[PDB]
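In the text below, chain A, chain B and the rest are named by the order of the sequence lines, each starting its count at 1. FYI, side chains are in, hydrogens and waters are out, and symmetry mates aren't considered; it's all heavy atoms of this structure.
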Amino acid sequence: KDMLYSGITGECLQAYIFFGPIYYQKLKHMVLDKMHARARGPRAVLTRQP
Amino acid sequence: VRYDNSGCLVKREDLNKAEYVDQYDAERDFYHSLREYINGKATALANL
Amino acid sequence: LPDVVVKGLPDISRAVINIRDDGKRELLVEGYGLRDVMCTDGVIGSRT
Amino acid sequence: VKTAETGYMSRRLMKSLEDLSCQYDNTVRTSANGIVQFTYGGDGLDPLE
Amino acid sequence: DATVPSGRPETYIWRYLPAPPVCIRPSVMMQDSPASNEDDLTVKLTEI
Amino acid sequence: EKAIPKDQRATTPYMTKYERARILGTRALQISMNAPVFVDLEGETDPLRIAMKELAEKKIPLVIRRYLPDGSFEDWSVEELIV
Amino acid sequence: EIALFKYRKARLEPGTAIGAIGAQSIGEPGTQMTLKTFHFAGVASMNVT
Amino acid sequence: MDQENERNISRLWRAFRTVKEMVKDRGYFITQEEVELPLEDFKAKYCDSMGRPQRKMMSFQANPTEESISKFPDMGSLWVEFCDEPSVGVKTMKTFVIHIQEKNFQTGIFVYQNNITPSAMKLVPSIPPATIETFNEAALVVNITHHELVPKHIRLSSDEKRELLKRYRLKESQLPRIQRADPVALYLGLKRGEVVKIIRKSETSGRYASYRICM
Amino acid sequence: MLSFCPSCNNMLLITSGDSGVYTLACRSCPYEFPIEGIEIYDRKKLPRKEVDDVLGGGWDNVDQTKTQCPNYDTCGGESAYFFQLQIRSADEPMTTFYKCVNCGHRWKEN
RNA sequence: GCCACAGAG
DNA sequence: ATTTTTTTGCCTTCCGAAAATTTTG
DNA sequence: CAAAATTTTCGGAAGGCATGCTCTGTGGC
Ligand SMILES: [Zn+2]
Ligand SMILES: [Zn+2]
């Protein structure tokens, strides 16, 4: 638990902060492949629905 | 006002019988509870 | 022959006597004969 | 695994309960104008309120 | 109900089969062959 | 002949949330089709906010026809309904 | 005045789809329910479902 | 001896008490003192000298009260009868129907002991103006209307039914329904088209009234 | 009845026969065993589990009564331990359990 | 287009 | 022309077979 | 009284449904 100064106001934080290296993994799910929007577009030949 | 199943007024001697229960009784019950609560406050003041 | 029922109700799997919190005893059974239980003498039929 | 049965339970409950509504005379009726309850819950009070 | 002309038992036996419009059984577009696949209803209609 | 007279009205005099929503939608649809407004709109352009302003001080020309289940109806002026 | 206003606004408003509300208010706790083992009033041989 | 005699006598006595309460609840004139008839007086009155139940002695007739005939002008006397045969066929059922028709009773309550043949269940609507209700002694050991689960059912007259239909402005097919051969409907003897008011006790509000129609 | 034919170790069955007398006969080989004047029985002793005397232990430090036991031809005891118990409905008499002090053979009445 | 598995909450 | 299964529970309708009851001789 | 017709009761098999709700990919016919 380290003692950290906050970068916004500069003062000492009133609680010690658990500070250290953790191994993080970047997962394959990214928002660039997930965002979608339609408005009007193609329709099915049978039911004439999107 | 409490009406019997026939459709006329109900006597005061038998206002609280089972067969004369109407749809308004809940409302009446609410009012009774309301009065009771106020009465309780008054009773407390009287005791003081 | 030794698998016939000579006494009791044919659908009651088993019966236990439970002592409740207040200390009084109730008889609770596993089965489908409600009418035969509440018609059995010693059992209050109006509270079963 | 609980979601698989819970979804079917919810679908059945709604397909049996969708048509009911509170009419303007405070009587809950089906879509075929038949009474289920004369007053909602015995006192006609909204659980939300 | 026999008050309408179509309310007869013999209506419920297949004599005339109404061939559906092709707009509800459309031919699927090609994938890897110049020919186009047909719906199962059209094939069954030809078999009938 | 199915109209209940104004004196013998029995339905509650409080405007329900569904009546408020339908009134706002109808008035916004009317305003979006170039209907005149009865408020001093302060640069507002969206019809829905103009409809809310019209309901705010009860300057809206509609009435609500409540159907009882038997068939008789009951006409309530929107300015009469309490909100 | 406050009590009467709270009572008069607590009534079920006409037109409410109260059947759908009840169907959802029964189905959703079924989703929230976890499956546990219960027994009938302090005896371990019952295991009432 | 004990098991075959005393238990049967007690069961028949409780069934008789339940039948008396059922007839009293329909509005027929039965005094209050007659329904808590103790086992000693029951043995001294309706039982044999050697200790047998004489079910022919305990059959009786009931007449309507002035209040019941005031509310229901079409109500007439009934005849309740207990059968001695273990299983009733068609001969004794036809005899009971013939007796009911001959003595001109509006209705008759038949109480069989073990079982009734299906051929006799289709013979009960034989009389056009009169109706026949069949009960079981085992089903009458305990009263169902005194159960804590069953609330108060009160059948309504034709005037009260019309008043209810006018108050809620609806046709009789739109009411909630209660079947005939339902236990409470059998207890009160509802016919088709009769409307019963039910006093429900809910912890949320208190006491509130619901209505059902026999079908 | 589980018995086997000693000639071929096949199962033995009982047939009426033309004479109407039962015999242990084998349907495979020519063997019979008449049972005229001979008893055969296959006893299946069902298991017996211990049961607690639900009325035992209740006849201790209780009042006595002068009631003759039903086995008068074997003994003539008079004093018997008696007590009352309600095992029935509340509108019918509360039963009495009483046991003779000399011959046992406990019995009850209403 | 139809199937087939693979994952996301 | 040898020859595996690969979830688990609940529900109504049908349909002989046997049992129960009445009905003819 | 017991033979014959009618009706009811009782099984095992034959059907059907459920086996979430949405969404994103690939690979092979
Ligand atoms: Zn042999
Ligand atoms: Zn003795």
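- Under 3.5 Å, the side chains of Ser202(H) and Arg200(H) contain no donor-acceptor pair of N or O atoms.
- Going from the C1' atom of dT22(L) to that of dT4(K) covers 38 Å, rounded to whole Å.
- Counting non-hydrogen atoms of other residues, nucleotides and ligands closer than 6.0 Å to NZ of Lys2(D) gives a total above 12.
- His29(A) has its NE2 atom 17 Å from the P atom of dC23(L), to the nearest Å.
- Pairing of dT23(K), defined by two Watson-Crick or G-U wobble distances under 3.5 Å, is not identified with any nucleotide.
- A donor-acceptor pair shorter than 3.5 Å can be found between the side chains of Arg55(H) and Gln113(H).
- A8(J) is paired with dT22(L) under the Watson-Crick or G-U wobble criterion, all donor-acceptor distances under 3.5 Å.
- Within 6.0 Å of CZ in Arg43(A) there are more than 12 heavy atoms belonging to other residues, nucleotides or ligands.
- When the shell of 6.0 Å around CZ of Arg35(C) is examined, it contains 12 or fewer heavy atoms from other residues, nucleotides or ligands.
- Taking atom P on both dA19(K) and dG11(L), the two are 11 Å apart, rounded to the nearest angstrom.
- Between the P atoms of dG9(K) and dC21(L), the separation comes to 22 Å (whole Å).
- With both ends at atom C1', the span from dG15(L) to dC15(K) equals 13 Å, rounded to whole Å.
- Ranked by how close their nearest DNA chain L nucleotide is to the 5' end, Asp32(E) and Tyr8(D) are led by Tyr8(D).
- One atom, CD of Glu38(E), and another, P of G1(J), lie 16 Å apart when rounded to the nearest Å.
- To the nearest whole angstrom, the two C1' atoms, one in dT6(K) and one in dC23(L), are 29 Å apart.
- We find that CG of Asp33(A) is positioned 10 Å from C1' of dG25(L), with the value rounded to whole Å.
- Atom-to-atom, NZ of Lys2(D) to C1' of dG20(L) comes out at 13 Å; the value is rounded to the nearest Å.
- Residue-level contact check: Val90(H) touches the backbone only, with heavy atoms under 4.0 Å from sugar-phosphate atoms and none from bases.
- Side-chain proximity of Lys34(A) to the nucleotides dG20(L), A8(J), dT8(L) is greatest for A8(J).
- Comparing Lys122(H) and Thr31(G) by the nucleotide of DNA chain L whose heavy atom lies nearest to each, the residue mapping closer to the 5' end is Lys122(H).
- Separating the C1' atom of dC10(L) from that of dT13(K) is a span of 15 Å, rounded to the nearest Å.
- Because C1'-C2'-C3'-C4' is negative for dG12(L), its sugar is assigned to the south class.
- Looking at heavy-atom distances under 4.0 Å, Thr3(D) makes contact with a base.
- With both ends at atom P, the span from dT3(K) to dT19(L) equals 37 Å, rounded to whole Å.
- With a 6.0 Å radius and a threshold of 12 heavy atoms from other residues, nucleotides or ligands, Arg52(H) has its CZ atom above the threshold.
- Partner assigned to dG16(K) is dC10(L), using Watson-Crick or G-U wobble distances below 3.5 angstrom.
- Here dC29(L) presents its P atom at 16 Å from CG of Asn37(E), a figure rounded to the nearest Å.
- To the nearest angstrom, P of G1(J) lies 12 Å from CG of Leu46(A).
- Stacking of the bases of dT7(K) and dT8(K) is indicated, with six-membered ring centres separated by less than 5.5 Å and ring planes inclined by less than 30°.
- In terms of the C1'-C2'-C3'-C4' torsion, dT6(L) has a south-puckered sugar. The angle is below zero.
- The separation of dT24(K) from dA5(L), taken at their P atoms, amounts to 11 Å, rounded to a whole angstrom.
- Phosphate contact (OP1/OP2 of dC21(L), side-chain N/O of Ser10(D), threshold under 4.0 Å): absent.
- When each of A8(J), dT21(K), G7(J) is scored by its nearest atom to the side-chain atoms of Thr117(H), the top-ranked nucleotide is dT21(K).
- Nucleotide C3(J) forms a pair with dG27(L), judged by Watson-Crick or G-U wobble geometry with both contacts under 3.5 Å.
- Taking atom CE on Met35(A) and atom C1' on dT24(L), their separation rounds to 15 Å, with Å as the unit.
- Nucleotide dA18(L) carries a north-puckered sugar, as indicated by a positive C1'-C2'-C3'-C4' torsion.
- One interatomic measurement links the two molecules: CG of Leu27(A) to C1' of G7(J), which rounds to 12 Å at whole-angstrom precision.
- Shown here is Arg27(I), whose CZ atom has no more than 12 heavy atoms of other residues, nucleotides or ligands within 6.0 Å.
- Judged by the sign of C1'-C2'-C3'-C4', the sugar at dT22(L) is north, the angle being positive.
- Look at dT6(K): it lacks any Watson-Crick or wobble partner with both distances under 3.5 angstrom.
- For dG15(L), there is no paired nucleotide, since no Watson-Crick or G-U wobble pair has both relevant distances below 3.5 Å.
- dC11(K) has a positive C1'-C2'-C3'-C4' torsion, placing its sugar in the north range.
- Few gaps surround CE on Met30(E); more than 12 heavy atoms of other groups in view lie less than 6.0 Å from it.
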